[PDB]
Number of protein chains: 2
Amino acid sequence: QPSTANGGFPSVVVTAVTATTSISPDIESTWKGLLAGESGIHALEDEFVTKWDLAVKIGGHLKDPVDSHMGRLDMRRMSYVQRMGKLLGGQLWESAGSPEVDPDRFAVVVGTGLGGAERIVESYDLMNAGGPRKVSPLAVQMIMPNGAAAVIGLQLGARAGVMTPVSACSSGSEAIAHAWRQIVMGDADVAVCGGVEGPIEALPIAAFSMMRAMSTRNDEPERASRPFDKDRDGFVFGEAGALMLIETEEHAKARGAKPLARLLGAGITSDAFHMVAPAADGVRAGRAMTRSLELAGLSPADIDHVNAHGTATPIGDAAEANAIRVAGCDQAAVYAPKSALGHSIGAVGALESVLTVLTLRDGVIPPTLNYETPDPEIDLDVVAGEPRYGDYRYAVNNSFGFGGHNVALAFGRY
Amino acid sequence: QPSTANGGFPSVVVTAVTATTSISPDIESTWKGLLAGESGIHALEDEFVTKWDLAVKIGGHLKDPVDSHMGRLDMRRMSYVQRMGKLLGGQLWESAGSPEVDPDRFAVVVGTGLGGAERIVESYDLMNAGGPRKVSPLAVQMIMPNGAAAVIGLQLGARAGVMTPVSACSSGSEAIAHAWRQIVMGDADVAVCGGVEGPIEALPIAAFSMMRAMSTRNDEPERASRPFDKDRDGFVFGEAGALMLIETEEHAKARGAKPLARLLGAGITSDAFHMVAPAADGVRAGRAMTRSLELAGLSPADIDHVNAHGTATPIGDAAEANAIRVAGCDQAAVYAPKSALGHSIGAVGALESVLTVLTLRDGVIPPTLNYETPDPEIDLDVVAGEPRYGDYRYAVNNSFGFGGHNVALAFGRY
Ligand SMILES: CCCCS(=O)(=O)Nc1ccc2n[nH]c(C)c2c1
Ligand SMILES: CCCCS(=O)(=O)Nc1ccc2n[nH]c(C)c2c1
Ligand code: NA
Ligand code: NA
């Protein structure tokens, strides 16, 4: 049976990364802030918080708003996720040295949680006011959830496939998983992959906080996101978008690209348990970790680091603890970046994949914020207090999205 | 290099199909109607046609509405695409003999064009009226575009992956393409795959008809959809949903399942040309056909039948004609089912995949409706007038969605 280790799969490496987060618009500045213990979660200063008197008053808006880089033309012909996709796609290409690859071997896989949904209401209102002819001829290409990926493929010239997987919190990781599949199966040699997601606003907060899924610790914004802590009470929103450039090792060496890490394998399973809650069991989530090891050619003992899903919901963190143990990776050093960066749904899997690559490159894991009283039935090696420097050789990033979608990406240090 | 023919890929077969269309709720009755020259496109009797005085007054609503099978409980806890997914998923399982498969080897891949979008406006209005606490705790699982696939996976117990690809008109075909990948890579042995899509209403008509993409022949509803005809003036909406059951040949023989056809290969490329228009060129669309042949192990001479994308837009049909010729399949017998069934966006690729399977099983191609004056620069072997019975051994179904997403599925007679 083929794997990355035995040569059945071509070696795929990560050569460029880009992200915009609640800490910084530059991924390297975000990484530095994460190591200094910074948090992007603050008190929400928007008027919709006091307009509706929401139970959740905290969150992390993007440090540098997307639309501050958007002129009038872009503001009326693209949805938000498309504008974020265009800005990130442009920054990623420049960071990669603006290489000139074969368009017929160039794929794009960008996940998202919803799509250009705000343009649905705009066309809804424009039609109620002026009739059917007041709807823009660009409404279709702005509304369609594949729009962000289509914009990036069109901007970069990717003709080996433009794909948009949708699986809530795992969209961004699943996009990287399919991009890896697209390369190891021979359909592409280079791929841009990641996830984009819209901003924080009233209705998203209302919908998620009625599931009792969000933290209500509005008095201390940066202490609210407490993954694996006893005092956790749900997740906190943190806006993000992230893309990475993956390609075969042959393709990277032929253009003089210094790879940051190795993309080894990817496992996609499902719970078939509940529409929003994860299986407390954790077998299928752990099976996704195991599956990524089989395709990578590794064993659970090789896994030094787990970038956990860690939303800080009571049920989710417990389910992941069982998942990590089921996969046999309970001895690894665990990091929950949502402690500092919050949850960005369709983008967070991509963002945490970048953080996983950065952890392998620099041999350091940022501290899990607010990890003060470890929950007794969650016995994990949670990095806390200060960054832990270590010989991290192989790492697994976890994404367990609403709907029961489990994605596990296996990364190795180059 | 591995392929289906040389044994590098396990043989995958189609064992069950289900669809609801504008002609019939039963796929076999729809097939019979297609052979009798029936059309599902009528004059729209809804009030929103006269309320807005839309330019398009024609279309095909589902012959048997989804909600007529939906009680009060289902009507308030599921979006439309989820209700259609549940009904189709239940009918498909019963048609397959209700087999008892390994949940850990059972995958679901269901594409859609948008998602549970109507629930966004409902929560939008419910919050404006009663505040954030009048939003249902089920809003998230109803709105998320992965919701339809998640419902089907939960209902059928699929734990080897639940995936939702979004690529406009190619969503339904791409879902089958990823399900085939999920099996040939060893992640699953059996998979439910297809596409669902919402109904026809005012704003969808307004958005697509402002691109001048839709036919306005309201005087003769059934003559409006004219793929490859000189008098064509765009596509016509026709509601549909479709799922099929694919599995390895070993898995099918071990449960006594009579396979209907063979799923041989799948090619996914992209144009990177325009956000809605296809490349008049047609290279990348043809490359998706070629790619599906490489994975199948075939040559363009083996292709006896092409189930065309054939939307009946002026630019789209011309682009596909070049694509078919670029792929070397210009001698095959072409069918454009959108002549009779219309366009169902996220579902139509799945529906036409079922029609492709049925064409291979019964050795017959229904007539392309309204193909009376063939366009001079489109020289294709378009089946017309009456069903053409023929020795169809291998067929390719085409899907070229808005955004430049090209999916080609290669099918073979069992
Ligand atoms: C971290 C914030 C997550 C918010 S979200 O999950 O509800 N996603 C989206 C997607 C599109 C959108 N358009 N306008 C808004 C407010 C959107 C929100
Ligand atoms: C063949 C008809 C295609 C119409 S569509 O392309 O605009 N799709 C959707 C999706 C969800 C929906 N909810 N409510 C409506 C009306 C929806 C329409
Ligand atoms: Na993670
Ligand atoms: Na077709």
Side-chain angles (χ1 to χ4, degrees), chain A residues 21-22 48 59-62 79-84 112-122 143 145 148 168-173 196-208 227 235-241 305-311 320 334-338 341-356 359 395-400 402 407-409, chain B residues 120 123 139-140 143-145 169-170 172-173 227 305-311 320 334-338 341 343 348-356 359 395-400 407-409:
Chain A
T21 78
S22 53
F48 63 69
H61 291 302
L62 284 181
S79 60
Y80 183 89
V81 293
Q82 279 176 325
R83 298 198 298 280
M84 173 189 276
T112 199
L114 191 45
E118 80 279 1
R119 295 295 185 162
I120 303 180
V121 188
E122 186 205 26
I143 288 165
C169 325
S170 50
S171 300
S173 293
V196 295
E197 190 57 79
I200 304 163
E201 158 75 55
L203 174 70
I205 290 173
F208 278 95
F235 76 85
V236 303
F237 268 146
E239 297 169 11
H305 166 54
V306 169
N307 189 295
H309 189 50
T311 56
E320 182 165 27
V334 178
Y335 177 44
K338 294 179 172 73
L341 289 170
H343 196 354
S344 43
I345 320 297
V348 74
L351 170 64
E352 298 176 354
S353 292
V354 171
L355 302 185
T356 296
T359 279
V396 172
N397 178 39
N398 281 352
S399 269
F400 309 135
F402 297 113
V407 176
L409 304 172
Chain B
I120 303 180
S123 301
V140 167
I143 288 165
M144 58 188 196
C169 325
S170 50
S173 293
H305 166 54
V306 169
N307 189 295
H309 189 50
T311 56
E320 182 165 27
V334 178
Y335 177 44
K338 294 179 172 73
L341 289 170
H343 196 354
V348 74
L351 170 64
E352 298 176 354
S353 292
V354 171
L355 302 185
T356 296
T359 279
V396 172
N397 178 39
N398 281 352
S399 269
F400 309 135
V407 176
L409 304 172

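Below, chain A is the first sequence line, B the second, and so on; all start at residue 1. First listed ligand is number 1; within each ligand, the first listed atom is number 1.
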*Are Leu409(B) and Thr356(B) side-chain neighbours, meaning at least one heavy-atom pair lies under 4.5 Å?*
no
*CG on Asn398(A) to NE2 on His309(A), rounded to 0.5 Å*: 9.0 Å
*Is any N or O atom of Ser344(A), backbone or side chain, closer than 3.5 Å to an N or O atom of ligand 1?*
no
*Taking non-hydrogen atoms only, is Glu197(A) closer than 4.0 angstrom to ligand 1 via side chain, backbone, both or neither?*
side chain
*Going by heavy-atom distance to atom 16 (C) of ligand 1, choose the closest among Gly198(A), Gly238(A), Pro199(A).*
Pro199(A)
*Would you please indicate yes or no on a ring centroid separation below 6.0 angstrom for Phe235(A) and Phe237(A)?*
yes
*Between the side chains of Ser173(A) and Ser399(A), is a donor N or O closer than 3.5 angstrom to an acceptor N or O?*
yes
*Relative to the heavy atoms of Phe237(A), which atoms of ligand 1 are at a distance of less than 4.0 Å?*
1 (C), 3 (C)
*asked:* What's the separation between atom CD in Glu320(A) and atom CZ in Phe400(A), rounded to the nearest 0.5 Å?
replied: 4.5 Å
*Metal proximity, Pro337(B) vs the Na ion (ligand 4), N/O/S cut-off 3.0 Å*: no
*Please check if the side chain of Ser171(A) supplies one atom and the backbone of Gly346(A) the other of a donor-acceptor pair under 3.5 Å.*
no
*Do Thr359(B) and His305(B) pass the side chain to side chain contact (heavy atoms under 4.5 Å, CB included) test, and can you show the C-alpha distance, the side-chain angles, and the key distance before you say yes or no?*
CA-CA 9 Å; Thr359(B) 279; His305(B) 166 54; 3.6 Å; yes
*asked:* How close do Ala117(A) and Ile120(B) get, counting heavy atoms only, and between which atoms?
replied: CB-CD1, 4.1 Å
*Which atoms of ligand 1 have any heavy atom of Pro204(A) under 4.0 Å away?*
4 (C), 7 (O)
*What residue and heavy atom of the protein are closest to atom 6 (O) of ligand 1, and at what distance?*
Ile345(A) CG1, 3.6 Å
*Can you tell me if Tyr80(A) has a non-hydrogen atom under 4.0 Å from ligand 1?*
no
*Give the numbers and elements of all ligand 1 atoms closer than 4.0 Å to a heavy atom of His343(A).*
1 (C)
*Taking only heavy atoms of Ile200(A) into account, list the atoms of ligand 1 that are under 4.0 Å away from them.*
1 (C), 2 (C)
_Only to 10 degrees, please: what angle do the O atom of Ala308(B) and the OD1 atom of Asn397(B) make about the Na ion (ligand 4)?_
160°
_Can you report which non-hydrogen protein atom sits closest to atom 12 (C) of ligand 1, along with the distance?_
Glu118(A) OE1, 3.8 Å
*Does a side chain donor of either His61(A) or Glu239(A) reach within less than 3.5 Å of an acceptor in the other side chain?*
yes
*Closest approach of any protein heavy atom to atom 11 (C) of ligand 1, naming residue and atom*: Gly115(A) O, 3.4 Å
*So which N/O/S atom does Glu352(B) have closest to the Na ion (ligand 4)?*
OE1
_Can you pull out every side chain to side chain donor-acceptor pair (under 3.5 Å) where at least one residue sits in residues 342-352 of chain A? Sequence neighbours excluded, please._
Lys338(A)-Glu352(A)
*So which bit of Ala240(A) gets within less than 4.0 Å of ligand 1, heavy atoms only: side chain, backbone, both or neither?*
neither
*Test of proximity, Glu201(A) against ligand 1: N or O pairs below 3.5 Å*: no
*Looking only at non-hydrogen atoms, find the nearest pair between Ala148(A) and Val81(A) and report the distance.*
CB-O, 3.6 Å
*asked:* At a threshold of 3.0 Å, where the distance has to be below it, does the Na ion (ligand 4) have an N, O or S atom of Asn307(B) nearby?
replied: yes
